[PDB]
Structures are given as C-alpha cells and as structure tokens.
C-alpha cells in the first residue's frame, strides 16, 4: 500500500526528469517542440536522445507528448487506461514537482484544473508541463 504507492509516484518523477532532459535537447537542436504524431501514443519522437524510451507510468497509462498553447506537456494515459492516485500519492507528486505543472484536464489551448494535495484520481488521463515558454 503506502510505501509501494510512494515508489510508483517516484518512478513517474524519474520518467518525467529523463523525458524533460531529452525534450529540451530536441527543442534546442530543431527549434521545435517534440510532439507525438497525431493519432499515435508513445515517445518515439525522442528516440535519438534516449537509450531506453519510457512506455507506461507505474501509476497507470501510456506516455505521449502534446502541445497545449505554447507549452510542451507529458500526457499520462489514453482512452485505454488513465492514472490512479490516492491523496497521499497526489501530495508526494506535488511536493516533488511543485505548482503550475500537474493538471487533471486540458483543451488544445488551455491547462485545466490543477492537481491538489487532496485530489484522488480514479483511472483518468493526467498532464505534466515539461517546457513552459
């Protein structure tokens, strides 16, 4: 329960850090935000920059990269499966990553409701800002 759940959150944080470094490299080299091709999932857009591509989050859900306004966003989950978070998992993720990054909804233009330290997520797609311009 408690310790396993905290380590699943830490695993997403490690994936986030690795993907963020690779994304910044791609952005510096191409002058364009790396995005998953329309109609696909996964991080193969970053394959030149990563020895091993993260596939699924330990909290549930496949990874992909989307543009939301001017921001690069790590999407965690798809139609098939979203993330699951207890309040304690949400609290750790926010303590470690900080504010204005983790969202429970987006449109193509705008970040939606921010995750809070009291939020439970039951099989829903989650969003973490990687690059804020």
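Numbering follows the first chain given and starts at 1.
- The mean C-alpha temperature factor is higher for 31-39 when 31-39 and 85-93 are set side by side.
- Between 107-115 and 20-28, the higher mean Cα B-factor belongs to 107-115.
- Across 59, 68, 65, 46, the entry's maximum B-factor at the CA atom is seen for 68.
- Per-chain ranking of the deposited C-alpha B factor places residue 78 in the middle third.
- In this PDB entry, the Cα temperature factor of residue 72 sits in the middle third of its chain's modelled residues.
- In this PDB entry, the Cα temperature factor of residue 53 sits in the top third of its chain's modelled residues, the highest group.
- In the PDB entry, residue 131 places in the highest third of its chain by CA B-factor.
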